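Here the authors' numbering is used: position 103 in the sequence shown is 113, and no number is missing along the way.
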Amino acid sequence: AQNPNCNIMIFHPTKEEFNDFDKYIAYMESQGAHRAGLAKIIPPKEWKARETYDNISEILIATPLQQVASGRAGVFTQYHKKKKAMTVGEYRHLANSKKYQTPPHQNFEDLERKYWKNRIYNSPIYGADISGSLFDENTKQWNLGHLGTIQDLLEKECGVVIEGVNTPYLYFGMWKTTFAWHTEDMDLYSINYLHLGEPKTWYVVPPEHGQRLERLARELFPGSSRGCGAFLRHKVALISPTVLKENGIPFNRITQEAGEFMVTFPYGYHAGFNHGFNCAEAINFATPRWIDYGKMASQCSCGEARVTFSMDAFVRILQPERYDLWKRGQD
Ligand SMILES: O=C(O)CNC(=O)C(=O)O
Ligand SMILES: [Mg+2]
Ligand code: NI
Ligand SMILES: [Zn+2]
């Protein structure tokens, strides 16, 4: 078996290999990339997402989210407090202010130490889940707004047409902005392009060891676990690498820089933080290999998680038994 230690693999496709997205994902998995839960794809030098980022300041962040932490340095939850709308221009200025700016540091490792030491004592503001795209319409390769839809994949594989659409989201980040431990909705894949700015550091657990993370999570967030059998679907729980090591949870870490893609694989738990002002674009996608993961995916039915319109159909077709109880959590 390829990549038996579940290392995060880095790919350097040629511009020829960059034409066919599906085929390259399949290629990565033939080399065992999926065993890590996460991969890095460096685009060919010929490729550009768009000409410049000089004209993005007028994008509105309708609902910036202030990420307030509770708990201990290495084991904490976060909640999102809604703040007033601001433009990307205003957000960038806020990100660079003394209160919110990245501190002096030697290297990514030093910044990572500072993140886990001090994250809980601040509440950075995140522009997350903003519907939209920064890919030029003429960017033909790996354009996150032009991927085959999950609905079309489900139909190709299972013979059934379903409602739903699948569009990208933009994330404007600053120092310490944080994404909690999670898999994707319906344990889908995700792909994330870091368009501009400062890096994003990621942690990931191999899909074959996901349940180990879940078991640790139930022990570390015992109240949350009693409230919901899939409370990580709430995307609020953080566990540091030091704590994962102490508990023998297998994982890996890697820093994504501007101009690089990351792909998360089905049931690959991940979490991470941003190093300073940045902009990423992301979207879920599916392959034939996803179907079995979709069929087995845990669901939140306590009602916290509350998800996209499009997910109804996935649960309805793939998890008909769960569909009655799940949709009650949606309404
Ligand atoms: O960029 C972020 O904050 C979160 N992104 C993801 O979890 C993803 O792309 O799968
Ligand atoms: Mg603009
Ligand atoms: Ni994700
Ligand atoms: Zn729940």
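Ideal placement from N, C-alpha and C gives every residue a C-beta, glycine not left out.
Problem set entry | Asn29: CB within 7 Å of a non-hydrogen atom of ligand 2 | no
Exercise. Could you check where the beta strand (DSSP E) with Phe295 kicks off and where it finishes?
Worked result: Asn288 to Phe295
Exercise. Residues in its own chain within less than 7 Å of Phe182 by CB, not counting five upstream and five downstream?
Worked result: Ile71, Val98, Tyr101, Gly137 and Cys289
For this session: Classify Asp139 as helix, strand or coil using the three-state DSSP reduction.
Result: strand
For this session: Would you give the residue range spanned by the alpha helix (DSSP H) that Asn128 belongs to?
Result: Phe118 to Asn128
Exercise. Distance, Cα to Cα, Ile140 vs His219?
Worked result: 31 Å
Exercise. By Cβ distance, which residues of its chain are closer than 7 Å to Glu208, with the 5 residues on each side in sequence left out?
Worked result: Contacts found: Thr112, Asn284, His285, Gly286, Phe287 and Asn288.
Exercise. Nearest-angstrom Cα distance between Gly339 and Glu119?
Worked result: 41 Å
Problem set entry | CA-to-CA distance, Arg332 to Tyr125, given in whole angstroms | 39 Å
For this session: Run the proximity test for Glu314: is its beta-carbon closer than 7 Å to any non-hydrogen atom belonging to ligand 4?
Result: Relative to ligand 4, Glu314 has its C-beta within less than 7 Å of a heavy atom.
For this session: Please state whether DSSP places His205 in a helix, a strand or coil.
Result: strand
For this session: Pick out whichever of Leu223, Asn117 and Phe319 has its Cα sitting closest to the Cα of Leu248.
Result: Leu223
Exercise. Using the beta-carbon count (16 or more within 10 Å), is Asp197 buried or exposed?
Worked result: buried
For this session: May I ask you to report which of helix, strand or coil DSSP gives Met184?
Result: coil
Exercise. Which class does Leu157 belong to by DSSP, given the choice of helix, strand or coil?
Worked result: coil
For this session: For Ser200, name the three-state secondary structure that DSSP assigns.
Result: strand
Exercise. Would DSSP call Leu144 helix, strand or coil?
Worked result: coil
For this session: Using the DSSP secondary-structure output, state which residues sit across from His90 in a beta bridge.
Result: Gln77
Exercise. Roughly how many angstroms lie between the CA atoms of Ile259 and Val215, to the nearest whole one?
Worked result: 8 Å
Problem set entry | Opposing strand residues paired with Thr97 [DSSP bridges] | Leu70
For this session: Let me know if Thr62 comes out buried or exposed under the rule of 16 or more other beta-carbons within 10 Å of its beta-carbon.
Result: exposed
Problem set entry | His285 (DSSP reduced to helix, strand or coil) | In this structure, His285 counts as coil in the three-state DSSP scheme.
Problem set entry | Close Cβ partners of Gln221 (< 8 Å) along its chain, the five nearest in sequence each way excluded | Contacts found: none.
Exercise. Which residue or residues does DSSP assign as beta-bridge partners of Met272?
Worked result: Residue pairing by DSSP puts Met272 in a beta bridge opposite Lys50 and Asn202.
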